[PDB]
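> Dumping the structure here so I can ask a few things about it.
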Amino acid sequence: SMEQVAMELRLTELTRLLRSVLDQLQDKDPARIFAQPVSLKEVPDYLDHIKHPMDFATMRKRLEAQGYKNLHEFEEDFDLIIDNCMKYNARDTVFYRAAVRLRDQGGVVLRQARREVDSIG
């Protein structure tokens with residue numbers, strides 16, 4: 021149908037906007053602490069601590085398969101990256117501190133993304 025195509029153009033445009041949001045969030049992590057999944061070879065207990073691991077490469081795979089239906093789902097994954105880190109790593113660590121700085125900096129990008137998603141529909 022024509023509606024299904026219009027829908028798919030919206031999903032495609034959302035994917036376009038979320039791709040740009042993802043790039044901007046990831047620039048706030050120049051150390052690449054959140055770039056890839058936590059290694060289960062190097063942290064073999066990780067899943068005993070963290071039940072839903074997340075990272076930017078995993079978010080990008082979902083994104084490129086148009087797996088985010090709306091901004092809320094994308095924010096959920098970004099918040100997992102942060103929140104997982106802040107639970108697994110202690111407050112005095114470079115990892116925890118990196119998550120705080122990413123949360124703080126990402127806030128600004130996410131604020132305007134919500135406006136753009138509402139605004140453009």
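Using my numbering, read the sequence shown as starting at 21 and increasing by one per residue.
Note that the Cβ used here is the ideal one computed from N, Cα and C, for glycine as well.
Touch check for the segment 35–52 and the segment 124–137: three-plus C-beta pairs under 8 Å?
Contact between the segment 35–52 and the segment 124–137 is present, because at least three Cβ pairs lie under 8 Å.
> Where do the N-terminal and C-terminal ends of the alpha helix (DSSP H) with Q125 fall, by residue?
Here the question's residue 125 lines up with position 105 in the sequence shown. Element bounds for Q125: 114–140.
> What does the alpha-carbon distance come out to for the pair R117 and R111?
The residue labelled residue 117 in the question sits at position 97 within the sequence shown. The residue labelled residue 111 in the question sits at position 91 within the sequence shown. Taking the straight line from one Cα to the other gives about 7 Å.
> Along the chain, where does the alpha helix (DSSP H) that runs through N104 open and close?
Position 84 of the sequence shown holds residue 104. Start and end: 91–108.
> Answer yes or no: do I101 and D138 have a C-beta to C-beta separation smaller than 8 Å?
Locating residue 101 in the sequence shown gives position 81, counting from the first residue. Locating residue 138 in the sequence shown gives position 118, counting from the first residue. Not in contact: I101 and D138 (Cβ atoms no closer than 8 Å).
> Rounded to whole angstroms, what is the Cα-Cα separation between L60 and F115?
In the sequence shown, counting from the first residue as 1, residue 60 sits at position 40. In the sequence shown, counting from the first residue as 1, residue 115 sits at position 95. So the alpha carbons of these two residues sit roughly 17 Å apart.
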